[PDB]
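Here's the structure, in structure tokens; my notes come after.
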Amino acid sequence: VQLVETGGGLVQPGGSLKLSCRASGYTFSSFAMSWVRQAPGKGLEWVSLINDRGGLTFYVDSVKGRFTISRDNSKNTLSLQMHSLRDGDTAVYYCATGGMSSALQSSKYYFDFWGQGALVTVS
Amino acid sequence: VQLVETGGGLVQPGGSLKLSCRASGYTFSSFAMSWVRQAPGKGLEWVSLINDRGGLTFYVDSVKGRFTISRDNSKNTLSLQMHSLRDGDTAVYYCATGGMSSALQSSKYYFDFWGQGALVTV
Amino acid sequence: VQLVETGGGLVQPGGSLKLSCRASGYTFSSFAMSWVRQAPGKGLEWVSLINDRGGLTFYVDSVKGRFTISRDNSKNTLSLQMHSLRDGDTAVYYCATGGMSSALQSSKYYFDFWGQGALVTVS
Amino acid sequence: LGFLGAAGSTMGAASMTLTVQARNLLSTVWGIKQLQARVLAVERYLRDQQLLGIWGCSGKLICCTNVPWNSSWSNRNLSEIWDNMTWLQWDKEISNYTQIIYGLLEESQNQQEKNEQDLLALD
Amino acid sequence: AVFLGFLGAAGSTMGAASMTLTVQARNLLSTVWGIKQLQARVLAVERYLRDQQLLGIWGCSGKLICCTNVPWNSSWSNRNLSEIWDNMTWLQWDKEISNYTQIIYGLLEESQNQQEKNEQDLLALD
Amino acid sequence: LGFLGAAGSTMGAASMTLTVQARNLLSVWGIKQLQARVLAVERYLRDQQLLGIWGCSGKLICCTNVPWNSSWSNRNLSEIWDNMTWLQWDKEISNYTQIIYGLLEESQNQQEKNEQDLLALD
Amino acid sequence: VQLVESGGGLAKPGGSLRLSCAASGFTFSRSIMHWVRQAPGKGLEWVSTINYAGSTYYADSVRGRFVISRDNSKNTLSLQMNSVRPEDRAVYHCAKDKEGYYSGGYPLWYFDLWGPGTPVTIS
Amino acid sequence: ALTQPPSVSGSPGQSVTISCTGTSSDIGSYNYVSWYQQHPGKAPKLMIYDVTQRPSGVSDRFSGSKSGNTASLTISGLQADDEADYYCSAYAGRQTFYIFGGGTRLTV
Amino acid sequence: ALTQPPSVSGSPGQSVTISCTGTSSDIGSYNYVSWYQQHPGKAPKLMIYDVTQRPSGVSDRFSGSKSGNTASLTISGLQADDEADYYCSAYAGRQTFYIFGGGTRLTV
Amino acid sequence: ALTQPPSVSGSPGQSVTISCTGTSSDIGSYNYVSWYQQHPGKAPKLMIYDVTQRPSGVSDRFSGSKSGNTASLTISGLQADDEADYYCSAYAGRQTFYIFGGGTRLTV
Ligand SMILES: *[C@@H]1O[C@H](CO)[C@@H](O[C@@H]2O[C@H](CO)[C@@H](O)[C@H](O)[C@H]2NC(C)=O)[C@H](O)[C@H]1NC(C)=O
Ligand SMILES: *[C@@H]1O[C@H](CO)[C@@H](O)[C@H](O)[C@H]1NC(C)=O
Ligand SMILES: *[C@@H]1O[C@H](CO)[C@@H](O)[C@H](O)[C@H]1NC(C)=O
Ligand SMILES: *[C@@H]1O[C@H](CO)[C@@H](O)[C@H](O)[C@H]1NC(C)=O
Ligand SMILES: *[C@@H]1O[C@H](CO)[C@@H](O)[C@H](O)[C@H]1NC(C)=O
Ligand SMILES: *[C@@H]1O[C@H](CO)[C@@H](O)[C@H](O)[C@H]1NC(C)=O
Ligand SMILES: *[C@@H]1O[C@H](CO)[C@@H](O)[C@H](O)[C@H]1NC(C)=O
Ligand SMILES: *[C@@H]1O[C@H](CO)[C@@H](O)[C@H](O)[C@H]1NC(C)=O
Ligand SMILES: *[C@@H]1O[C@H](CO)[C@@H](O)[C@H](O)[C@H]1NC(C)=O
Ligand SMILES: *[C@@H]1O[C@H](CO)[C@@H](O)[C@H](O)[C@H]1NC(C)=O
């Protein structure tokens, strides 16, 4: 399994940045996807979760009104649209597989497959 | 269109006071109404909203357990019953037409007409 | 009516106690039951309420995630399980009867029977 | 207690066996009569379901309403209805007022109520 | 009488006629000579159940007025709310929208409740 | 795709066509059709009555508060939803179907509705 | 519980007249109100009605000429009589409908309460 | 909590009033303000329920009332055996169920 | 509350803008940002409703717009009679129906 | 966030543990406390899922446990290649999905 994340690495405060990560080696539509970020000097913080179909999205309060998580199961693509980026949002972002599962699947309250990551600087 | 508040004056902290508003020049029962508070030295603050029929009432969180908004469409009267008035509630209270509409009407998320305002001192 | 608590009275902070209460002189299954706590130097505080059947339980916010109220209508026994007891939980606990009624009964928003409150010390 | 076993029970006790009666509402010479019996059973079942639909009680055996009880319909207290009366006696008592209550359930709720929900879900 | 007021709002505007939904609902259900009567009674039952099944499929079971998550397409009708609810009756509306009724019903099934129930299955899951 | 098209599909994939099967349950040579129509209606209503008394009225997928007993089937979710069809499941648990129905009647209506009846006052 | 008419009087064969009617003892918001006229040589004739929802019904002889309206805030019923003709001479009475079984606003036409009436003369 | 005056006093035979002041949601919204009499070392006994109702077995001397957001317990014919900590208890709703006041010692 | 710059000004006959800054849940999500003109001692008058609409009776010197999470009002052709406190009001959903900004004093 | 001890350390072939203590809602209410191993410059790897379960490809040296509201990762047979930042992650509920602790820098 491999997830390759691309997107810009530097935006001005108040700007807008989209990240997108392609997954291979597994069926994309069978797993929920999450975004997790790590500030350069801090630990991991969960940012967002999308289900396997894409109709249900959840966000950490600090970004709930600013970030949009979406997926396209026909292209095996996960993306995050970030508006109104704040100074507190500088971090390496990772796409990860898991965080939830459907009611017909075993519980998956963990992140199993992690991507390469991308560093986003706001300045 | 004319809206006239006919409210109270000075009330002690912890007391209660009811404000009334009379409407004329339009069909009262056709429009939603609201109360908007303005402290003597501050800007405008929305306090409560009632629909055109009077069955649905909404309040700002700071007054949800203290204020009651009601409307009698047979008397063209809007009223706000305030209980346990605190020091943070001294203000001019304006009644206004607009702020909501039915699902079969165009949106009216604005306050179309305003009265002159009752002065409530706690 | 006779209500007798048979629970314990001394726990260390962070420990857990279970207070049972026996009732007689009335039909147990016909009345809702409550626990009311009184600190040694304070007045009365409502802690929990259970309906007459036992399916609906309510708690005061200060104990909502720590205490469990349950009732066995075959053995005429009420009990309160208190986990993670705090120093603030030292009190006499009364297994008072009342606090709510079913929709088919008159409204019992009062505690009509009290008795032999258990004294619980956390220290 | 089986079908209608609670008929002699008080209204309160009888209200916990509603499914027992509900399950028994659906299930040349002797041929025609059998078909007529089947059609009649279906029509009467659906007439009751249609009324439950109109009152906003679809899919429920116990349905709470927004219509207040008028003391002219009956001035009895709950302890004299649910605890000391049967449903047959109650039906005998509420006969002249059944159509008034049904008309009020039809008008005061699930008509005005649905318009109110239609407006509340608007915002 | 149950018949009283039946279709009285037929010439009223769509808004006003929406306040009488129980009046037109309560009157929908109630030898070869004998067979003809049984067919009429069975048909009334079948039509009632088909409409209730459609309400179930759309997530509108037990409701007289049901809000959905299907956007209105201007290709179906480009009239505004005043033109539809205040200046038009339900017969005129039906005549205008009958060409799009099956499209709308298809969307009510395909575009929402099949997805809404599968999502609710996953929200009660957590 | 189509009526019973998912019959050979897994339970998971087959759960997406519930309306495809549900919409086909309602719809000499004279009395046979009348009896066929009455039979279709009675079978439909018996299933709808079961859904009603379980608190599942108006739903094709209905979640409950009845825990699954491993004595009914000890398979995990992968071997039920992804590696099994509904015909196989129906065969596997037919012996426990009435037990499940009884539990659904008891806890999903008789207890739940009285609890809701009490929560509407407190 | 009374109805008091005003307005009326003399008008030209192609002029207009306004009639008013004040309600006193009932709730002028749930009532269906009707203008009925009595010509000296014909007897009582129903003219028009307005229900509590604001929908109006007219007699064939006056439809297109008369407008019936209500203002709940003044407990007042009124009739705008346009293009009055010689056959319109009558005493005009306002009347309130007996409340019956819920009909969705459809009138019963049983005139529970009548006013004294106001004379209208066309010449 | 509800507010009650501490140390209400009086001499035998006189009447006394123990007030209990709450907010719009605790007392002003519901007629469910019960009163309890707790002697030192014993469990509270119910004296008043609803607003003006009295349990059987409780003397006529104990009479409750309400005005506005203030409840009051009037004890006429005060006896030497009435020395107790008196409490008011109001029903506030289904989120916060019961609110108790402090104790009022009837210093007889 | 919404953020507005105080003490906006310009010369007679010129144009000015008044900014209203909110969050994505306030201005960005809803196209219901109205503007009011309040003369001291008087009730506010509705000047702009929706993002771009004017009430009848309001002159064409007033206009509004929105960009991202910032809404603004533009006055073109300032008159001596335009000295007033201007407010923005945004619809912010079902939990918080209306949020007003601070008053902006306009001087000419 | 969860509280994990920082700058823990051990030596080759010995056992070390990393604790992670949370609230009754975050850890005490759900048996879903996973552990991750992040080498500097690389994305975190899943080491433990659920309280005690291991992903395929992870050796038996990494073993999870929980007692009360505290989770623990035991690394037995410590290797030089185990130097990494270790994180705990707990499922908190529907309103808050995942809560992470601070990183634990494990040295050898
Ligand atoms: C029948 O049509 C009339 C004429 O449009 C309707 O009444 C008019 O429209 C509304 C009420 O619908 C009122 O505001 C007007 O004053 C009415 N004018 C006239 C001249 O009637 C009436 O409501 C309709 N009635 C029904 C039962 O549909
Ligand atoms: C009949 O009445 C007796 C008491 O007289 C009661 O115990 C019994 O339960 C009643 N029967 C039913 C079916 O309720
Ligand atoms: C109900 O009313 C009856 C009739 O007066 C009375 O005897 C009985 O005591 C009352 N019960 C309750 C609980 O109020
Ligand atoms: C209905 O009224 C009649 C008298 O008109 C009366 O005899 C009868 O008992 C009433 N029905 C009841 C009380 O159910
Ligand atoms: C509306 O319908 C037309 C065809 O009538 C279709 O091409 C278009 O995509 C539809 N648009 C929306 C928003 O549904
Ligand atoms: C609706 O369209 C009509 C055109 O027939 C127009 O006259 C009317 O002003 C419009 N109303 C609204 C609210 O858009
Ligand atoms: C509906 O379609 C038919 C053709 O099938 C057309 O003749 C008719 O004008 C259409 N009506 C409406 C209201 O679109
Ligand atoms: C039939 O089985 C094959 C093999 O597993 C599978 O690919 C296909 O989707 C199945 N089709 C249906 C309709 O079950
Ligand atoms: C499961 O069913 C068995 C019998 O089949 C029964 O003995 C057991 O108590 C049941 N357990 C649960 C948890 O329902
Ligand atoms: C469930 O059990 C089967 C045994 O037949 C096993 O092969 C399968 O891997 C299990 N599924 C999961 C998700 O553990």
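The chains in the structure tokens are called A, B, ... from first to last as shown; in each chain the residues are counted from 1, and the ligands are counted from 1 in the order shown.
Between chain A and chain C, which have the same sequence, the C-alpha root-mean-square deviation after superposition works out to 0.4 Å.
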Item to check | Expected answer as a ChimeraX atom specification: residues within 7 Å of ligand 7, only C-alpha atoms and all ligand atoms | outcome: /E:95-99
Go ahead and save the picked residues with N, CA and C atoms, as a tab-separated table (two decimals), in the first residue's frame.
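And here is the file that came out, part05.tsv:
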chain	number	residue	atom	x	y	z
E	95	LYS	N	-50.67	19.86	-13.58
E	95	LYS	CA	-50.63	19.90	-15.04
E	95	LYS	C	-49.26	20.34	-15.54
E	96	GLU	N	-48.66	21.31	-14.86
E	96	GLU	CA	-47.33	21.79	-15.23
E	96	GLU	C	-46.21	20.78	-14.94
E	97	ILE	N	-46.27	20.07	-13.81
E	97	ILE	CA	-45.17	19.21	-13.36
E	97	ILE	C	-45.34	17.73	-13.68
E	98	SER	N	-46.49	17.31	-14.24
E	98	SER	CA	-46.68	15.88	-14.49
E	98	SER	C	-45.60	15.30	-15.40
E	99	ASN	N	-45.04	16.12	-16.30
E	99	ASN	CA	-43.99	15.61	-17.18
E	99	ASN	C	-42.70	15.29	-16.42
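Taking CA of residue 19 (chain A) and atom 14 (O, counted along the ligand's line) of ligand 5 as endpoints, the distance between them is 28.9 Å.
When the distance limit is 7 Å and only C-alpha atoms are what count, the residues near region 100-113 of chain D, minus those fewer than 2 positions from it on the same chain, are residues 54, 55, 56, 66, 67, 97, 98, 115, 116 and 117 of chain D; 19 and 22 of chain E; 101 and 102 of chain G.
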Item to check | Expected answer as an MDAnalysis selection string: residues within 8 Å of ligand 1, only C-alpha atoms and all ligand atoms | outcome: (chainID E and resid 8:13 16) or (chainID G and resid 50 54:58 63:69 106)
Dump as a compact mmCIF listing (two decimals), in the first residue's frame, selection limited to C-alpha atoms:
# COMPACT_ATOMS: atom_id res chain seq x y z
CA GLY E 8 -63.06 22.08 -0.89
CA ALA E 9 -59.58 23.57 -1.33
CA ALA E 10 -59.20 22.23 -4.89
CA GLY E 11 -59.68 25.73 -6.29
CA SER E 12 -57.66 27.39 -3.52
CA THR E 13 -54.03 28.36 -3.83
CA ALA E 16 -54.09 27.57 1.41
CA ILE G 50 -64.74 34.24 4.19
CA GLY G 54 -58.77 34.03 4.33
CA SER G 55 -60.36 32.02 1.51
CA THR G 56 -63.57 33.49 0.08
CA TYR G 57 -66.68 32.05 -1.57
CA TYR G 58 -69.27 34.08 -3.50
CA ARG G 63 -69.08 36.96 -7.95
CA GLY G 64 -66.79 39.40 -9.74
CA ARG G 65 -68.45 42.47 -8.18
CA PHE G 66 -68.31 41.95 -4.40
CA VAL G 67 -65.16 41.41 -2.34
CA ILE G 68 -65.47 39.97 1.18
CA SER G 69 -62.61 40.56 3.59
CA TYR G 106 -64.90 24.52 4.48
Next on the checklist: List the spatial neighbours of residue 8 (chain F) as a PyMOL selection string - criterion: any atom at most 10 Å away, only C-alpha atoms, same-chain residues fewer than 3 positions off excluded.
Outcome noted: chain F and resi 4-5+11+13-14+84-88
Next on the checklist: Residues of chain H within 7 Å of chain B, counting only C-alpha atoms, what are they? List them as number ranges by chain.
Outcome noted: H: 23-25
Taking N, CA and C atoms for each residue, export the selection above as a PDB file, in the first residue's frame.
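Saved result, out26.pdb, follows:
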ATOM      1  N   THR H  23     -34.681  31.263  40.548  1.00  0.00           N
ATOM      2  CA  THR H  23     -34.736  32.017  39.307  1.00  0.00           C
ATOM      3  C   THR H  23     -35.993  31.666  38.516  1.00  0.00           C
ATOM      4  N   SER H  24     -36.080  32.216  37.304  1.00  0.00           N
ATOM      5  CA  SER H  24     -37.253  32.035  36.456  1.00  0.00           C
ATOM      6  C   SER H  24     -37.476  30.578  36.080  1.00  0.00           C
ATOM      7  N   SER H  25     -36.399  29.810  35.928  1.00  0.00           N
ATOM      8  CA  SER H  25     -36.488  28.408  35.545  1.00  0.00           C
ATOM      9  C   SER H  25     -36.683  27.440  36.704  1.00  0.00           C
TER      10      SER H  25
END
Checklist entry - When DSSP works through the backbone of this structure, what residues of chain C end up as helix (DSSP H, G or I), shown as a ChimeraX atom specification? => result /C:28-30,61-63,87-89
Next on the checklist: Applying 7 Å and only C-alpha atoms, which residues near residue 82 (chain C) remain after dropping the ones on its own chain fewer than 2 positions away? List them as a VMD selection string.
Outcome noted: chain C and resid 16 to 18 66 to 68 80 84 to 85
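Near chain B, within 7 Å and using only C-alpha atoms, the residues of chain E are residues 81, 82 and 85 of chain E.
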Next, write the just-selected residues to a file, as an mmCIF file, in the first residue's frame, keeping N, CA and C atoms as the atom set.
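Writing done, so here's selection28.cif:
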data_model
loop_
_atom_site.group_PDB
_atom_site.id
_atom_site.type_symbol
_atom_site.label_atom_id
_atom_site.label_comp_id
_atom_site.auth_asym_id
_atom_site.auth_seq_id
_atom_site.Cartn_x
_atom_site.Cartn_y
_atom_site.Cartn_z
ATOM 1 N N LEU E 81 -41.601 31.278 -5.666
ATOM 2 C CA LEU E 81 -42.515 30.831 -4.621
ATOM 3 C C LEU E 81 -43.842 31.577 -4.627
ATOM 4 N N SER E 82 -43.852 32.861 -4.972
ATOM 5 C CA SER E 82 -45.121 33.578 -5.002
ATOM 6 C C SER E 82 -46.020 33.035 -6.103
ATOM 7 N N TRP E 85 -47.032 29.185 -4.777
ATOM 8 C CA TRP E 85 -47.795 29.007 -3.551
ATOM 9 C C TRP E 85 -48.918 30.010 -3.367
#
